[PDB]
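For reference, the structure discussed in these notes is given below.
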Amino acid sequence: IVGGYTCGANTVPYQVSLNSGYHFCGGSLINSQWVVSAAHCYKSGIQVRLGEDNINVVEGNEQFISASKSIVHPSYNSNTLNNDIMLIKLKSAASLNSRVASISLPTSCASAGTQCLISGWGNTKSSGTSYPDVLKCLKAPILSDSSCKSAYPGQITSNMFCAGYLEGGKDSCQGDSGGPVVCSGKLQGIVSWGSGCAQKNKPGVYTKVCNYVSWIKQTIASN
Amino acid sequence: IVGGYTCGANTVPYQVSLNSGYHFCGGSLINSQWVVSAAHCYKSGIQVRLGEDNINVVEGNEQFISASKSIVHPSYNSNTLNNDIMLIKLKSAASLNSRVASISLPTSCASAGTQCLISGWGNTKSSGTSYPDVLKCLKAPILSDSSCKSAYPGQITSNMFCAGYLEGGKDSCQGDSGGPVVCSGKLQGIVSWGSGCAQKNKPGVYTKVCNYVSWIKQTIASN
Amino acid sequence: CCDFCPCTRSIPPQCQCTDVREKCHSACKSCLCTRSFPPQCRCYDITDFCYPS
């Protein structure tokens, strides 16, 4: 997160960190056994880390659970990043409390102008590299489809949306992928791609989770 | 056309050469006043050359008519090449006869396996560079969209089909763009793109004209 | 460098590199990346040539 603020410990209780020796992506806990992430975050040997604040320090509220299976979207497009959505099953059910909590899936898609919360442990700089250890948060609005396409001509499918600021200075960044965009208490987005970070006219592009509610529901039902 | 054969003078009467001082693309005459080409063939100062065989010799049946206007598809995407179709109005109606004839638009899409006629004055070599200069023809079937997507993972939209041969050897090539793919007497495709020419597992990709009949119709009626 | 290079079949051709890489990227002007470690980057520039592999 570039331009953000320190969330506070466990204030984003659905935020998970994905670990393979190091933090590589985020994800969002949607029930006690399943995490939503980006399909480009696919890796073998994933451990989900819940309850986290400083990811380099065990602070006593963490739960570390290995992934037992990963389900990348059947139509995930590697070249275009269309259908950038993945399901990860926890090998043991997480214990849900005030600091490790599931996040609701949308019943309806979010509209342009709606304010969302974006979070992650990614880079804090739009030029150079500084990685926070504590979780960062960004309040950013959904941008019109029109605004998104004009920023990224020919790159925006119906399974994407832009959120953030055309002026620059406030965005998600590398290390934030897979993590939540939550608006009105529903998981409306997944941190996906951009050109650089927090650059003028280069807003963040996110997976439009509302298009995936029925594949999520049926997939978890039979796995 | 790589791996084709010399058509025979004026045996493909709907075929046109687009000229801006040199042949740059092909096209298809669909009525006395309108040509169908690719959107990526868009160029200012276009002259339509009808009734051609050798594009370097005036042979006595040609009609040269300047474009009065070009209309690129509103949803044409120069990145993904989706909606690669352009309409070109002729400044004066062409005289239709045996050697200059329009081609029927499709009333349904063509299913995979259908044999089609593909033509142009493009490169005849898959490595180097040799231009005909008479019109070359190629008989080639439409490939399944499954084979198409397997050949070009992530690159194929609902507005595209592949045709040709996965073995390589026979294909369209540079200079063939905008030209006809005609199957059972109907314009089913527009020469568009590929990775090289006549390469193994890299067949030609064509604009799926059957998706556009209604736009074509309404655009001609109003311009 | 470029491995996968599709081109329109016009004169001149319109070509781009659809290679997914990590580095992004001096020669390239328009380069989109996923927001993971490592990033997955693409050059969405369209040119005359390819380049070679």
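Letters for chains follow the order of the structure tokens (A, B, ...), residue numbers begin at 1 for each chain, and ligand numbers begin at 1 in the order shown.
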Same-sequence overlay, chain A on chain B, C-alpha least squares, as a compact mmCIF listing (two decimals) with C-alpha atoms, in the first residue's frame:
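The resulting file, out.txt, is reproduced below:
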# COMPACT_ATOMS: atom_id res chain seq x y z
CA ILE A 1 -0.39 -16.44 -48.75
CA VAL A 2 2.19 -19.14 -47.86
CA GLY A 3 1.68 -22.59 -49.42
CA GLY A 4 -1.01 -21.44 -51.84
CA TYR A 5 -1.63 -21.40 -55.58
CA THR A 6 -2.13 -18.76 -58.25
CA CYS A 7 -5.89 -18.00 -58.17
CA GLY A 8 -6.21 -17.01 -61.83
CA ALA A 9 -7.15 -13.53 -63.03
CA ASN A 10 -10.47 -12.28 -61.56
CA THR A 11 -11.51 -15.68 -60.11
CA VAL A 12 -11.85 -13.95 -56.70
CA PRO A 13 -13.86 -10.99 -57.96
CA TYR A 14 -14.70 -9.60 -54.45
CA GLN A 15 -11.00 -9.31 -53.54
CA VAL A 16 -9.79 -5.72 -53.31
CA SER A 17 -6.37 -4.24 -52.81
CA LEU A 18 -5.89 -1.24 -50.52
CA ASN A 19 -3.35 1.29 -51.76
CA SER A 20 -1.64 4.32 -50.26
CA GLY A 21 1.28 4.48 -52.68
CA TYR A 22 1.82 0.73 -52.35
CA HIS A 23 -0.37 -2.29 -51.56
CA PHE A 24 -0.70 -2.40 -47.75
CA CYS A 25 -3.77 -4.59 -47.00
CA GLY A 26 -6.68 -6.35 -48.67
CA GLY A 27 -10.43 -6.00 -48.22
CA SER A 28 -13.64 -7.51 -49.56
CA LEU A 29 -16.29 -5.79 -51.69
CA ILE A 30 -19.72 -6.34 -50.11
CA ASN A 31 -21.73 -3.94 -52.26
CA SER A 32 -21.01 -1.41 -55.04
CA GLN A 33 -20.02 1.28 -52.47
CA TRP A 34 -18.55 -0.56 -49.46
CA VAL A 35 -15.51 -2.66 -48.66
CA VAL A 36 -14.92 -4.76 -45.52
CA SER A 37 -11.35 -4.75 -44.14
CA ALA A 38 -9.46 -5.06 -40.84
CA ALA A 39 -9.49 -2.13 -38.38
CA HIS A 40 -5.69 -2.45 -38.00
CA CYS A 41 -5.54 -1.61 -41.72
CA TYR A 42 -6.81 1.88 -40.90
CA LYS A 43 -4.93 4.60 -42.74
CA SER A 44 -5.76 8.00 -44.17
CA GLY A 45 -5.67 8.45 -47.97
CA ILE A 46 -6.81 4.99 -49.05
CA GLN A 47 -7.53 4.05 -52.64
CA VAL A 48 -9.47 0.84 -53.20
CA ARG A 49 -8.34 -1.15 -56.21
CA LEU A 50 -10.84 -3.56 -57.65
CA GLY A 51 -10.67 -5.91 -60.63
CA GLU A 52 -7.00 -6.57 -59.92
CA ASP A 53 -4.72 -9.53 -60.63
CA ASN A 54 -1.08 -8.38 -61.00
CA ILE A 55 -1.09 -5.28 -58.75
CA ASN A 56 2.02 -3.80 -60.40
CA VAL A 57 0.41 -3.93 -63.86
CA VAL A 58 -2.77 -2.34 -65.23
CA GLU A 59 -4.29 -5.25 -67.12
CA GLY A 60 -7.51 -3.54 -68.22
CA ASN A 61 -10.19 -4.73 -65.80
CA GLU A 62 -9.21 -2.60 -62.77
CA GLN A 63 -11.31 0.10 -61.10
CA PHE A 64 -9.48 2.54 -58.83
CA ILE A 65 -11.75 4.35 -56.38
CA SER A 66 -10.67 6.57 -53.49
CA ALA A 67 -12.14 5.94 -50.05
CA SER A 68 -14.43 8.80 -49.00
CA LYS A 69 -14.78 7.56 -45.44
CA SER A 70 -13.42 4.83 -43.16
CA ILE A 71 -15.39 3.50 -40.19
CA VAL A 72 -13.33 1.49 -37.67
CA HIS A 73 -15.42 -0.70 -35.29
CA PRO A 74 -16.52 1.28 -32.22
CA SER A 75 -15.02 -1.38 -29.92
CA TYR A 76 -11.95 -2.14 -32.01
CA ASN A 77 -9.30 -3.08 -29.48
CA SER A 78 -5.81 -2.07 -30.63
CA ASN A 79 -3.98 -4.08 -27.91
CA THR A 80 -5.82 -7.37 -28.26
CA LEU A 81 -7.13 -7.07 -31.86
CA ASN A 82 -10.68 -7.80 -30.69
CA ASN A 83 -13.26 -6.36 -33.10
CA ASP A 84 -10.67 -6.18 -35.93
CA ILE A 85 -13.22 -4.91 -38.48
CA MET A 86 -13.47 -1.75 -40.63
CA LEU A 87 -15.90 -0.26 -43.17
CA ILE A 88 -14.66 1.77 -46.13
CA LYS A 89 -17.07 3.66 -48.37
CA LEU A 90 -16.24 4.08 -52.05
CA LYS A 91 -16.46 7.71 -53.15
CA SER A 92 -18.11 6.52 -56.37
CA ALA A 93 -20.09 3.28 -56.75
CA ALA A 94 -18.10 0.50 -58.42
CA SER A 95 -19.34 -1.02 -61.65
CA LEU A 96 -20.23 -4.64 -60.98
CA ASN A 97 -19.46 -7.26 -63.61
CA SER A 98 -18.05 -10.80 -63.74
CA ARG A 99 -14.64 -9.57 -62.55
CA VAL A 100 -15.73 -6.98 -60.00
CA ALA A 101 -18.43 -8.58 -57.86
CA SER A 102 -19.73 -8.22 -54.32
CA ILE A 103 -19.50 -11.06 -51.77
CA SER A 104 -22.44 -12.15 -49.59
CA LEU A 105 -22.42 -11.60 -45.83
CA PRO A 106 -23.20 -14.65 -43.66
CA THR A 107 -26.65 -15.33 -42.18
CA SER A 108 -25.12 -17.91 -39.84
CA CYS A 109 -21.64 -18.48 -38.38
CA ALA A 110 -19.45 -21.15 -40.00
CA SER A 111 -18.61 -24.39 -38.21
CA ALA A 112 -15.25 -26.00 -37.52
CA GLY A 113 -14.20 -28.21 -40.42
CA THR A 114 -15.79 -26.01 -43.11
CA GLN A 115 -13.41 -25.38 -46.00
CA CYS A 116 -12.79 -21.71 -46.84
CA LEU A 117 -10.98 -19.70 -49.52
CA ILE A 118 -8.33 -17.27 -48.26
CA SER A 119 -6.68 -14.86 -50.73
CA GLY A 120 -4.19 -12.02 -50.90
CA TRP A 121 -1.04 -10.45 -52.26
CA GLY A 122 0.96 -10.99 -49.01
CA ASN A 123 4.30 -12.77 -48.43
CA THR A 124 4.70 -16.29 -49.91
CA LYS A 125 7.43 -17.38 -47.47
CA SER A 126 7.31 -18.49 -43.82
CA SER A 127 11.03 -17.60 -43.58
CA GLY A 128 12.16 -14.60 -45.59
CA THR A 129 10.27 -12.33 -47.96
CA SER A 130 8.89 -12.86 -51.45
CA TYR A 131 5.91 -10.88 -52.62
CA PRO A 132 3.76 -12.17 -55.44
CA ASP A 133 2.28 -9.78 -57.92
CA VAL A 134 -0.55 -12.08 -58.94
CA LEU A 135 -3.26 -12.98 -56.42
CA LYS A 136 -2.71 -16.17 -54.41
CA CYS A 137 -5.41 -18.44 -52.99
CA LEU A 138 -5.50 -20.94 -50.15
CA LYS A 139 -8.10 -23.56 -49.35
CA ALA A 140 -8.03 -23.97 -45.54
CA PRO A 141 -10.53 -25.24 -42.95
CA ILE A 142 -11.99 -23.51 -39.89
CA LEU A 143 -10.35 -24.86 -36.73
CA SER A 144 -12.32 -25.60 -33.57
CA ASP A 145 -12.40 -22.78 -31.02
CA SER A 146 -10.69 -25.25 -28.67
CA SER A 147 -7.83 -25.81 -31.18
CA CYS A 148 -7.48 -22.05 -31.66
CA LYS A 149 -7.25 -21.24 -27.94
CA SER A 150 -4.71 -24.01 -27.32
CA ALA A 151 -2.52 -22.58 -30.10
CA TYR A 152 -2.83 -19.06 -28.70
CA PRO A 153 -3.55 -19.27 -24.94
CA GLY A 154 -5.41 -16.26 -23.55
CA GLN A 155 -5.38 -14.39 -26.89
CA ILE A 156 -8.54 -15.64 -28.59
CA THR A 157 -11.77 -13.66 -27.99
CA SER A 158 -15.26 -14.65 -29.22
CA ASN A 159 -14.71 -12.36 -32.24
CA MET A 160 -11.89 -14.51 -33.57
CA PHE A 161 -11.41 -17.88 -35.19
CA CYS A 162 -8.40 -19.85 -36.43
CA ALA A 163 -8.25 -21.43 -39.86
CA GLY A 164 -5.45 -23.30 -41.62
CA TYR A 165 -3.08 -26.12 -40.67
CA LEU A 166 -1.37 -26.96 -37.35
CA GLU A 167 1.41 -28.79 -39.24
CA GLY A 168 2.46 -25.51 -40.87
CA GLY A 169 3.32 -24.73 -44.48
CA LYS A 170 -0.03 -23.15 -45.45
CA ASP A 171 -1.30 -19.81 -44.07
CA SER A 172 -1.97 -16.17 -44.83
CA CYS A 173 0.95 -13.80 -44.15
CA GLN A 174 1.86 -10.10 -44.07
CA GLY A 175 0.15 -8.16 -46.87
CA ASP A 176 -2.90 -10.41 -46.60
CA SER A 177 -4.54 -8.48 -43.73
CA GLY A 178 -8.03 -7.17 -44.29
CA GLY A 179 -8.60 -9.75 -47.06
CA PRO A 180 -11.39 -12.39 -47.34
CA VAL A 181 -11.99 -15.77 -45.74
CA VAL A 182 -14.97 -17.09 -47.72
CA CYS A 183 -16.77 -20.35 -46.90
CA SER A 184 -19.81 -21.66 -48.78
CA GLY A 185 -19.96 -18.35 -50.66
CA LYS A 186 -20.19 -16.13 -47.55
CA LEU A 187 -17.59 -13.77 -46.10
CA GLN A 188 -16.97 -15.54 -42.81
CA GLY A 189 -13.56 -14.03 -42.05
CA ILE A 190 -11.05 -11.20 -42.31
CA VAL A 191 -7.30 -11.88 -42.39
CA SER A 192 -6.14 -10.49 -39.00
CA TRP A 193 -3.06 -11.78 -37.09
CA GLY A 194 -0.66 -14.61 -36.24
CA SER A 195 2.72 -15.48 -34.79
CA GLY A 196 5.01 -15.59 -37.83
CA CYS A 197 3.50 -17.22 -40.93
CA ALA A 198 2.67 -20.89 -41.61
CA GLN A 199 4.51 -21.95 -38.44
CA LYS A 200 3.78 -25.25 -36.66
CA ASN A 201 1.03 -24.79 -34.05
CA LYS A 202 0.67 -21.13 -35.06
CA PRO A 203 -2.45 -20.98 -37.26
CA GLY A 204 -3.92 -17.79 -38.77
CA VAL A 205 -6.39 -15.83 -36.65
CA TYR A 206 -9.35 -14.19 -38.40
CA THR A 207 -12.17 -11.80 -37.53
CA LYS A 208 -15.43 -13.64 -37.05
CA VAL A 209 -17.53 -11.58 -39.47
CA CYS A 210 -20.84 -13.24 -38.48
CA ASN A 211 -20.72 -11.31 -35.18
CA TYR A 212 -20.74 -8.04 -37.15
CA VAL A 213 -23.54 -8.40 -39.69
CA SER A 214 -25.91 -6.02 -37.84
CA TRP A 215 -23.35 -3.25 -37.22
CA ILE A 216 -22.39 -3.52 -40.92
CA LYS A 217 -26.02 -3.36 -42.05
CA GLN A 218 -26.94 -0.37 -39.85
CA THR A 219 -23.68 1.51 -40.48
CA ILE A 220 -23.95 1.36 -44.26
CA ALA A 221 -27.66 2.25 -44.04
CA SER A 222 -26.91 5.64 -42.45
CA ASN A 223 -23.57 6.49 -44.12
Chain C residues near chain A (10 Å cut-off, only C-alpha atoms) as a list in words: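 That gives residues 18, 19, 20, 24, 30, 31, 32, 33, 34, 35, 36, 37, 38, 39, 40, 41, 42 and 44 of chain C for chain C.
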d(CA of residue 53 (chain C), CA of residue 8 (chain C)) in Å: 19.0 Å
Helix (DSSP H, G or I) call set, DSSP backbone run, region 36-164 of chain B, as a list in words: residues 39, 40, 41, 145, 146, 147, 148, 149, 150 and 151 of chain B
d(CA of residue 17 (chain C), CA of residue 1 (chain C)) in Å: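 That distance, rounded to one decimal, is 9.0 Å.
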Counting only C-alpha atoms, the residue of C:21, C:5, C:14, C:27 that sits nearest residue 50 (chain C):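 Distance minimum relative to residue 50 (chain C) lands on C:5.
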